[PDB]
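A.B. asks: Sharing a structure, written as structure tokens. Questions coming.
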Amino acid sequence: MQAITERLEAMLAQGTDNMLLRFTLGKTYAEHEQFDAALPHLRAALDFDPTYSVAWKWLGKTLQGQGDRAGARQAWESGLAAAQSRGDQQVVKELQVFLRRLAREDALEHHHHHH
């Protein structure tokens with residue numbers, strides 16, 4: 001049937017506890033902007049396999065989508081060095097772009113504006 005989560009539940013109930021299966025289910029929550037529900041699920045995955053670069057990139061989106069500007073800032077700052085340590089320039093730059101855009105809002109309320 002429809003919904004990736006629903007069909008995955010079948011194989012999860014078969015005792016096939018795999019790495020990517022944790023991530024895919026979490027992505028669906030984040031895509032639906034259900035970052036609140038995503039947080040516990042993604043956190044559970046990071047406990048088992050914290051070396052998944054793509055997950056770091058979603059985590060950053062999680063905090064900003066939740067509505068925590070400070071959390072989003074700290075998240076990208078944390079994941080940046082993680083991506084650096086993994087040598088994944090693509091992820092570093094991807095997260096960096098969002099981190100800049102977030103700063104532009106800080107620039108407004110916290111007057112980090114160029115003027």
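Convention: chains lettered A, B, ... in structure tokens order; per-chain residue numbering from 1; ligands numbered from 1 as shown.
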If we count only C-alpha atoms, what is near residue 45 of chain A at a cut-off of 8 Å, once residues fewer than 3 positions away on the same chain are taken out, given as a ChimeraX atom specification?
C.D. replies: /A:19,22-23,41-42,48-50
A.B. asks: Can those selected residues be exported to a file as a short mmCIF file (atom, residue, chain, number, x, y, z; two decimals), in the first residue's frame so that it contains N, CA and C atoms?
C.D. replies:
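Output (result_17.cif):
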data_model
loop_
_atom_site.label_atom_id
_atom_site.label_comp_id
_atom_site.auth_asym_id
_atom_site.auth_seq_id
_atom_site.Cartn_x
_atom_site.Cartn_y
_atom_site.Cartn_z
N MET A 19 20.70 -0.73 9.20
CA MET A 19 21.11 0.66 9.38
C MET A 19 20.23 1.62 8.59
N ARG A 22 16.64 2.48 9.47
CA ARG A 22 16.44 3.47 10.52
C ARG A 22 16.34 4.86 9.90
N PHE A 23 17.22 5.12 8.94
CA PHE A 23 17.32 6.43 8.31
C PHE A 23 16.12 6.75 7.42
N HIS A 41 13.43 9.58 16.54
CA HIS A 41 13.73 8.52 15.59
C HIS A 41 15.15 8.68 15.03
N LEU A 42 15.50 9.91 14.68
CA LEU A 42 16.83 10.19 14.14
C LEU A 42 17.89 10.04 15.22
N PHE A 48 23.24 4.38 17.19
CA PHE A 48 23.80 3.16 16.61
C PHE A 48 24.85 3.48 15.55
N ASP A 49 24.55 4.43 14.68
CA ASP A 49 25.45 4.79 13.60
C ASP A 49 25.49 6.31 13.39
N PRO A 50 26.36 7.00 14.15
CA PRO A 50 26.47 8.46 14.10
C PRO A 50 27.29 8.96 12.92
#
A.B. asks: Give me the segment 30-90 of chain A side of the contact with segment 98-104 of chain A, cut-off 12 Å, one line per residue showing its nearest atom pair and distance in Å at one decimal, counting only C-alpha atoms, sorted by chain and residue number, as a tab-separated table.
C.D. replies:
residue	atom	partner	partner_atom	distance
A:57	CA	A:98	CA	9.8
A:58	CA	A:98	CA	11.4
A:60	CA	A:98	CA	8.7
A:61	CA	A:98	CA	8.7
A:63	CA	A:102	CA	11.3
A:64	CA	A:102	CA	8.5
A:65	CA	A:102	CA	11.6
A:67	CA	A:102	CA	11.4
A:68	CA	A:102	CA	10.7
A:69	CA	A:102	CA	7.3
A:70	CA	A:102	CA	9.5
A:71	CA	A:102	CA	11.0
A:72	CA	A:99	CA	8.0
A:73	CA	A:99	CA	6.6
A:74	CA	A:99	CA	9.5
A:75	CA	A:99	CA	9.3
A:76	CA	A:99	CA	6.5
A:77	CA	A:99	CA	8.1
A:78	CA	A:99	CA	11.3
A:79	CA	A:99	CA	10.9
A:80	CA	A:99	CA	9.8
A.B. asks: Figure out the distance between atom CA of residue 107 of chain A and atom CA of residue 54 of chain A, please, to one decimal in Å.
C.D. replies: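 Atom CA of residue 107 of chain A lies 27.9 Å from atom CA of residue 54 of chain A.
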A.B. asks: Excluding residue 31 of chain A and residues on its chain fewer than 5 positions from it, collect all residues at most 12 Å away from it, counting only C-alpha atoms, and give them as an mmCIF file with N, CA and C atoms, in the first residue's frame.
C.D. replies:
data_model
loop_
_atom_site.group_PDB
_atom_site.id
_atom_site.type_symbol
_atom_site.label_atom_id
_atom_site.label_comp_id
_atom_site.auth_asym_id
_atom_site.auth_seq_id
_atom_site.Cartn_x
_atom_site.Cartn_y
_atom_site.Cartn_z
ATOM 1 N N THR A 24 15.748 5.808 6.556
ATOM 2 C CA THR A 24 14.663 6.024 5.601
ATOM 3 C C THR A 24 13.362 6.410 6.311
ATOM 4 N N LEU A 25 13.057 5.718 7.403
ATOM 5 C CA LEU A 25 11.863 6.009 8.189
ATOM 6 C C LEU A 25 11.928 7.414 8.783
ATOM 7 N N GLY A 26 13.128 7.827 9.174
ATOM 8 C CA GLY A 26 13.306 9.142 9.757
ATOM 9 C C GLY A 26 13.160 10.249 8.735
ATOM 10 N N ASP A 36 9.449 17.185 14.778
ATOM 11 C CA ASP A 36 9.223 16.855 16.184
ATOM 12 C C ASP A 36 9.295 15.348 16.396
ATOM 13 N N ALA A 37 8.574 14.622 15.559
ATOM 14 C CA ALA A 37 8.549 13.163 15.624
ATOM 15 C C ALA A 37 9.848 12.577 15.083
ATOM 16 N N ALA A 38 10.482 13.315 14.185
ATOM 17 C CA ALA A 38 11.741 12.894 13.587
ATOM 18 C C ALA A 38 12.860 12.850 14.625
ATOM 19 N N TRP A 58 20.165 16.294 7.764
ATOM 20 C CA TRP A 58 18.742 16.300 8.098
ATOM 21 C C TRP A 58 18.513 16.867 9.495
ATOM 22 N N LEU A 59 19.416 16.546 10.419
ATOM 23 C CA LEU A 59 19.328 17.043 11.794
ATOM 24 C C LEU A 59 19.290 18.564 11.825
ATOM 25 N N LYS A 61 18.208 20.512 9.491
ATOM 26 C CA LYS A 61 16.880 20.873 9.007
ATOM 27 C C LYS A 61 15.811 20.609 10.065
ATOM 28 N N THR A 62 16.081 19.663 10.951
ATOM 29 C CA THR A 62 15.125 19.290 11.978
ATOM 30 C C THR A 62 14.912 20.434 12.970
ATOM 31 N N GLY A 65 13.244 23.476 11.302
ATOM 32 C CA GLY A 65 11.848 23.188 11.032
ATOM 33 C C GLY A 65 11.021 23.164 12.300
#
A.B. asks: Select from chain A everything DSSP, run on the backbone, classes as helix (DSSP H, G or I), then give the selection as number ranges by chain.
C.D. replies: A: 4-12, 19-31, 35-48, 53-66, 69-86, 89-109
A.B. asks: Which residue, A:14, A:90, A:66, A:5, has the smallest gap to residue 27 of chain A when you use only C-alpha atoms?
C.D. replies: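 Comparing A:14, A:90, A:66, A:5 against residue 27 of chain A, the winner is A:5.
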